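Chains here go by letter, A, B, C and D, matching the order in which they are written, and residues are numbered from 1 within each.
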Amino acid sequence: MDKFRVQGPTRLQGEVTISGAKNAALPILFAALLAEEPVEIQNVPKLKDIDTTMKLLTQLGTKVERXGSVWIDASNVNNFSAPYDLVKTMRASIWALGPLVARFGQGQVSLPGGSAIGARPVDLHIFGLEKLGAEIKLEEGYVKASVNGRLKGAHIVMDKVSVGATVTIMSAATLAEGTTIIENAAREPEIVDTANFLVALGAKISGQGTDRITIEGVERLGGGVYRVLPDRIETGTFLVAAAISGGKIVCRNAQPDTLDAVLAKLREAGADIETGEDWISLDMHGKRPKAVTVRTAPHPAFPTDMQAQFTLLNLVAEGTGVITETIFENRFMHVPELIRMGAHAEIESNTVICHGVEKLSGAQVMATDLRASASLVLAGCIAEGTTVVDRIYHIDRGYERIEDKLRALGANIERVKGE
Amino acid sequence: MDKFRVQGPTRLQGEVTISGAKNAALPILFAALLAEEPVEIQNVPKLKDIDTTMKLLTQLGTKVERXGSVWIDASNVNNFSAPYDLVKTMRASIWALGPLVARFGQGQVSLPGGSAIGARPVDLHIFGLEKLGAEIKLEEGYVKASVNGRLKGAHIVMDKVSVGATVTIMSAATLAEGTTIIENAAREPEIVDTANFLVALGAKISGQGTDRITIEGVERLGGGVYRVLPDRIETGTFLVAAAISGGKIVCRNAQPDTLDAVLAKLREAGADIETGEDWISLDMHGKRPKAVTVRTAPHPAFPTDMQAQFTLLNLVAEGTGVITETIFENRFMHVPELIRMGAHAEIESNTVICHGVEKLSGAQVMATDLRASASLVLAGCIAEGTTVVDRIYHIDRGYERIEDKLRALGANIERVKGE
Amino acid sequence: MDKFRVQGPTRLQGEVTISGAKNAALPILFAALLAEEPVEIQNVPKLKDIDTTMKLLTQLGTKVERXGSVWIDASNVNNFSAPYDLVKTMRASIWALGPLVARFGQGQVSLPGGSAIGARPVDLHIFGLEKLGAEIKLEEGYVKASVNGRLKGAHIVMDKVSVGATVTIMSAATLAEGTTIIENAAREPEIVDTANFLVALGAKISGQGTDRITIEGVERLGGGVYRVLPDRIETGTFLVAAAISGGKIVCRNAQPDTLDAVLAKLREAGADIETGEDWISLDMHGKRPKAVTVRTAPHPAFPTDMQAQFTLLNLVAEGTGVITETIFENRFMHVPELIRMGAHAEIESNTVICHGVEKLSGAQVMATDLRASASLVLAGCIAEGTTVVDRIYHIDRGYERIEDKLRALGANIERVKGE
Amino acid sequence: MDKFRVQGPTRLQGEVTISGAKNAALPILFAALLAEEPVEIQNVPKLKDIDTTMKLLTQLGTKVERXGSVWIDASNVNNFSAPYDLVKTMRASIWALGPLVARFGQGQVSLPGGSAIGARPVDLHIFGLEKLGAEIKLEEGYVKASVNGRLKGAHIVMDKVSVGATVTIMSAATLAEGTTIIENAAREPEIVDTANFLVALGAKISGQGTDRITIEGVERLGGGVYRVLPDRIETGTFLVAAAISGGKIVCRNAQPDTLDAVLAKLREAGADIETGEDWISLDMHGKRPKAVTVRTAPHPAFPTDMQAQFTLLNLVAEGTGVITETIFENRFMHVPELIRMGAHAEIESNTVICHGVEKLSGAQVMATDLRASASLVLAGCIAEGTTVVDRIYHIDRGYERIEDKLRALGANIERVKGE
């Protein structure tokens, strides 16, 4: 069991080049199951979930290889199932269902169980596919979708704003018979990116980025080349790294308009921010951050994927900060760990009341989930002494060589084994 | 203290002509304060809040008169305060602050207190105005806004989706210097309608209806004519009226695209729905409704203003219905009253678990707020016997002579005094 | 519509003699319906609810008269129903059901509708009576109970801790055949007082004050004399009055052991407290209170009836105070009103985050419920200038001559009309 | 990674002998650190946490050994710290802090991090120890307690009911100077058992079992023998086993009065229950269970440790069952897993709405915590086909060879490896 040994404090400054978005690459890779012709996806980060995805696709009969790009040839998909073994390691596997039933009339994916940050049901994915004409049956833990011929467009109103269900329904609808409308669709940048990818293959989609998406089905989708957009969560993570360590940083290969909420909050924390077409610079001028109030919600509001990072920022900020999480019911696992490092906080239902302290103390902590692990590593960077973050494999799920990029910013970090 | 005597059951059927939206006419009436020339607002419903608004505007030195339209001449606005006496009867008065400070550099409005359905703070309106350059102070219960010269455009990210704050900021921004961007803005049809009204006066606005509104300030706004859009909640209320009484109805002067969530839910309840350019028909074919699941949220999701009405529908429906209110913290006051009529429900935090019964029993109940009073009246129409709904003055706030429109559908309803 | 016009600031100091507990007097007065012989209840406060109760009792055929005591003669009961008109003014009327069905085999009470501070169902009262053998029906909004002969003892486990339901079940059980056991009973001081009252009439009760109450039914209860214990909420209210005005007070005719949580919280706020056998003294030594954290819960935890008062204390205290209400879902109505007076707070689900300020500003505010009204009045006492608390009739429901007692502490208060 | 392969459906019937309470043995074993003379604890179950506890004690310089009993000689404790590597595997280790600082004036325990079912802070333990005079510092993740001389009795009011904090405070108070009073103490049967154990060593404690515990400190505690009470949760687990499989079972070595809430709920589910002095019999007479409503809360209310089990019972019961969890914020992890087996449920905040189905389908599921793992195993016993419960090491924490006991009841179970 790998761990990260961090010695602080250290001001983090310099530059970092943002990788392609984990959450755009994933839905795109699955959307590729719709392509009857070779597809090249560019700027795909090297993450654990990308590997698991390539594995799942290959197991479906797809020809896959990668480097900076991932080349896909799904012309001969001949297997339509995602076994429990793979699904249990990556719930995103659920995104295989829509494309498979939409193009081949069938698909079986193991129903994901519970997740670290919440129950995370997939009822909206199922609801959507059923509205498109698919028949869904659950047997032996497998959601089994089927349709005789082509799915049929339908006007669907979402009971909840869901990034995942939006991707599933929008993706399957591209090969449906007629027009599909997704009312109360997720507006996240990754939805836009996945939509534009599908359109690149020959799909007809409009409204991506708004509350209502309109898809006009076609008989088939071809191939092509598409470059994934910048990872806004990675970008925010590094901006937070500078913001909490009195440093300065410039993020290259970034897309500023995907982060208005985060940037505005960073400015309120006292950060001096400047943005360009493809870059963002943040300078704390050696100042300690000011406490801010945050409420997560669907894009363009403050993103839940930056919540643990801002929880850390408030814990070392001057003043009382309040963090309200409205997306996932169990996403405060980093709090108890930060408390071990000397932080002061109280959890009241889905809100964390933070009382910032001058400095944290190095201690042994445990990563419980992707964003939580990144926060613990950042905490280790600014804490006094040695911090050992156990189970950092979590971090390898959504950050490409975070270790090197942090070191390049002045961090004293070492990856160690010792199970 | 007026009351409503309703005798049932009665299958409600026929037609109704939807009035102009209460929640579009109000923000527009206040936005009119920005007009330097005569303005005519058409299709304005005759509601208690419209009367209070006319008095408030008059008290600001505005010349006001009405019938179907409301004619406004705010060329000579010479007073800039909204007193506690008026604000305490209508919190919407808060909408006078932005236009006043934007056009005259000053404005004072009594800070609204607690509301029946929630604390409903206005911190976001104040925040927005401050971001536009206004200096805000609270003294003696009055929020006093001021700015030296014109307000200045700014990029504002909303910590919460707010219909009211969106109106305040968007309205004030039309006269600000430069460009204003509202990130995570409310998307309600009434926001769209208010934006279009401001545009008709000469304002420059785009993005209304999406989560990002862009306003380019101008030196001043003129006058003109604008017709308020159909009231979607009144429409939904009457559609429910037929849906729960096994009836049929046709709503005239309606705008179907403002009710996708509501219509979708009525179909799930078993309703046969048809829509035209400006009309909506619903036929229950004598059926008892089927229990549905609802979760209120910002437009285009299911609206909180239809929540009590659907709570009623589920309480007389087949099966177990679940209603989750995420907008207001005290909007279940109709439940205890419906329970007095034989309904079976349990409140669990912000969710109501409903167990539909065949028929309700007439009983004496108390209206506590606008939408709940409408639900109790509808309940009276379908319950067995006589139902007396006390304090129906609440209903005259958002419905234009509802007993008449209901009587034309076959309701045995009478307005009595007896304090 | 009476109001309290209060001039501040004024330090509150001196002495106050605590009246009998409103919440002990009420359940005992209803318990008296079980008495076949004359009963005298001493130390009964003069409150609106006592008058409504004496009114309801008289209406049942009981002979009632009062002064310091209330003399009851229920040897004859010629009517067994509590009308809607009365119940609507006092939900506590529900307590007439149990004694009536237990002694006469019949009784009916109008099902209470919604309450200002919550839905407050009475399902547990009904459940308990049904477990004791009563048949319950709901017709025309009335709860109708009946039993052929005597009720029979049962082992009942309460799904939730309820003061009211514990009173109903314990009271009815006294005339039941056999032994009754109430598991997970409320342990409030008033339950202990009502049990001791019943025992004085000849009932056999043990465990009152613990989570399991054992009642041994007897054929009939006689008469007697019983003194109601001191009102702990009135006591806490006056202690807070001193704590938030830098004052020093001595509460006479008090019972310290019923207020451990409150006293401990006041000490944490910086109050110097001393207690005797029947008195409590509190001295703030001119200090501003220190913010505290509070979580309401069943006795002996911090009581929800002191929640609004402590919210006020935190809003004028030094630091960040947190109030969490777990009993009633709508008991923060005082917050929006205090905010009108310059307080700073945010409500997050069932928790209020307070940011204490130096001085409040006098303003026009509205009382919404009993404890809230008392808090607004205290706020007026320490605020700068003139505060007008509308609808103070709410305060006359549970405070005997609060105006006089406050004036005797130095308050500049005046009860004015002017509707 | 061990797993359980279960084959269903198999009716569970027969007998089981209840082991000593896991949650009584643990606090007692730590309380033993106060004993200056040899102690023998009887009826201690063989569980993972007991082993970890013996390791921790041993490492403090304690002489420990076991079989049915555990013999402790803590006369020579020479080390006062519980390392991170031990506490990370068992947060109950926190219970070493109080005894150590109370008897030796010092002690340091690694502050526990996050837990599977919630953040579970220990702020109340620290608060209590500080009130007893201990100085608490946090450094490098270790909570360091110290006091010069002996702790001093104090009147402590818990602003939340905590089993753990109650144990910590009550344990340390036994050696304190003077009288300590714990207001709003936990009333769990294990608190009673731990208090009687301390009393057996020479401590002076009264009130155990009520919301107020009084402890009179003494100079030192001797040795002795004490038998741990029956495990009510294990008992409840096996009673549910029979109740959901239409079986009949008898639990030996049980203590009925510790399960009033659970038995009452089982009867409501249709179970025929009889109890003796030390046994409990439950017969379902081949009937399918009836859906019940549950709300966890401090003893004697329904226990949170039986919540997952009852979630299961409702998922295979007739009707709609509602489970509300008020103790831990993340204890619904079993729901997603049961859903994979064909169950129908929706999670609404802290409530689960269940829609019972006839039969579950065997599938691969994952144990997430102790009670959840037991629930999944039981589900496997009644499900149709093969069920594989991964990570059953969780079950070995609180159940002594559950495999054998279930098999003795007719279950087709087998522990397999295969990582």
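Rule of thumb we're sticking to: contacts are C-beta pairs under 8 Å (C-beta built on N, C-alpha and C of every residue); 3 or more make two chains touch, one makes a residue touch a chain.
J.: Would you identify the chain whose Cα-based centre sits farthest away from the centre of subunit C?
T.: A
J.: Could you see whether A-C or A-D has the larger number of C-beta contact pairs?
T.: When the contacts at A-C and A-D are counted, A-D has more.
J.: On a C-alpha centroid basis, what's the spacing between subunit A and subunit D, in Å?
T.: 37
J.: Using mean CA coordinates as chain centres, what's the subunit A-subunit C distance in Å?
T.: 51
J.: Identify all positions of subunit A at which a residue touches two or more other chains, and write them in rising order.
T.: In subunit A, 349 touch at least two other chains.
J.: Looking at which chains touch, is this a line, ring, star, complete or other?
T.: complete
J.: What chain-chain pairs meet the touch criterion?
T.: All touching pairs, sorted by chain label, are A-B, A-C, A-D, B-C, B-D, C-D.
J.: Okay, in this complex, where on subunit B does subunit A touch?
T.: Counting only subunit B, the residues touching subunit A are 155, 157-161, 183-184, 187, 209-212, 260-261, 264-265, 293-295, 297, 299-302.
J.: For subunit D, which residues are in contact with subunit B within the complex?
T.: 320, 322, 324, 346, 348-351, 353, 355
J.: For subunit D, which residues are in contact with subunit A within the complex?
T.: It comes out as residues 84, 88, 110-115, 119-121, 138-141, 329-330, 332-333, 335-337, 339-342, 347, 349, 361-366, 368, 385.
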